[PDB]
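Below sits a lone chain in structure tokens, taken as the form deposited in one PDB entry.
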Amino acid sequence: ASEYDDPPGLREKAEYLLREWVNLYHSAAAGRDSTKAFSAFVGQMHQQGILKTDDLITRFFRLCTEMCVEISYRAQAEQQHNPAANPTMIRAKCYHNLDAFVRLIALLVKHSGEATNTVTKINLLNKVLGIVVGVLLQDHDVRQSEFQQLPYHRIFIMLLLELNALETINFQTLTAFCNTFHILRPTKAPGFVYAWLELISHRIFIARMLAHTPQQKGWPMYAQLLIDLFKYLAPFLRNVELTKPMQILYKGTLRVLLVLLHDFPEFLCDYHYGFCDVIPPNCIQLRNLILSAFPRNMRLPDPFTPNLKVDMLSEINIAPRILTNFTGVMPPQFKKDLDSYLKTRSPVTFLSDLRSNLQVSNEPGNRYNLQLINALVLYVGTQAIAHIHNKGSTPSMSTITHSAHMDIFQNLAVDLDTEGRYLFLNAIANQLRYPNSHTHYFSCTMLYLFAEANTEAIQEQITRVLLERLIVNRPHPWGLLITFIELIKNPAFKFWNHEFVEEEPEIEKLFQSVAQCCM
């Protein structure tokens, strides 16, 4: 009778069984965890023949969900079509039904594990989540603007909490909840985004996913969920198309990342490349949160401290950890051609083509393969650090120059256009982080690029990239301050400032704002 090829009189049957259970769950001495009631309810299920086929079991779960969804929608209607109605009592009505359903799911799952089963127990947990995801997405797509997220938000959390109160079984539970959250990422379920961020960032979920996870197995999965959030936000942030609901979502993103920065800075550190590839270059602060994370229990000199000699730091020779295999963006022929340039320094047709290879004027409104600019820059640098290390020296202001590596960087500065150059310079700045061999390499690169600039435009853009990143509220990456402080010291810059600062005296204010914003 329903939209589905649902057997006759099944909705009626299921909704009668759920109605009963909801009264049973709320009944006195039904068991501490609805135990005495459940053993007896499963009997009632079996008698009503819902237990016969797995197809009917799944169908009962779909119908239960839809019932709970309908109860919510009605509860929501009486709260509006009667503004004399108690909204707290309305909420309680939905919770009454939903909490009851959750316990039926949680119990049907914990008791499905026949002779201490792991596969069956998990497979039903997956089935249930899948059935709920299905009901969500159909609701979402049909109800559109009137889509309510409450049923699904409560179902998902309470079930995660019920199934939290089996350290291996705990992981497959989390892996099941993760795939669900990924399926329900805001680009798929936009009307569920607030509930989704509330799920993704739950006290229990962060805890289990990041702190209490074997060999940090959750770290790559959680990092996917955040990428889904940044992938979603990216077109809106990029376009400066920030509605009140978007400002509210962005501020939630800030609160989540601030928590991550403070509690799991090594997590943000490890997945910084991945996050940087998706956050648009205009989100200065959001990206600074990622780029400011540094391994815990690590002394970081104050960038201002007079006569600070950075070479001294034993840390500047140790490379950072990169858990995003960035080399991948590169088309295999491109990397093959690139590696040939890096060792042979031939042919010159590589540099001329490189600028065109970085262009993606195919795709509308971007004209640049940002992700590829990022990969080339990081790769070229890393290859350069290894090449110098092989030569027996260490990345220094002198050892980094006049290499096939620097020829690529120097060419990109001269041969790219203002937009090109902007993206390119940002790709360098994203490496100016805590004291490490990539921070040191790119710090010198950036400084050398300013000094060896024959164009004023090159100098202004370097200044712009470093300054825009320091003019913003804290955090500011260690390497960024270091790079900037060393630049403002070069006669190249002194001369540049002297010229630009009098053609725009408002510019003077910005540099003065950095002395106090950071110090």
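Residue numbers here begin at 1 and follow the sequence given.
Not on display, but discussed next: the form deposited with a partner chain bound.
Residue 485 belongs to the set of residues with a heavy atom inside 4.5 Å of the partner chain in the bound PDB entry.
Taking non-hydrogen atoms only, residue 15 never approaches the partner chain to within 4.5 angstroms in the bound PDB entry. The shortest heavy atom separation between residue 20 and the partner chain in the bound PDB entry exceeds 4.5 Å.
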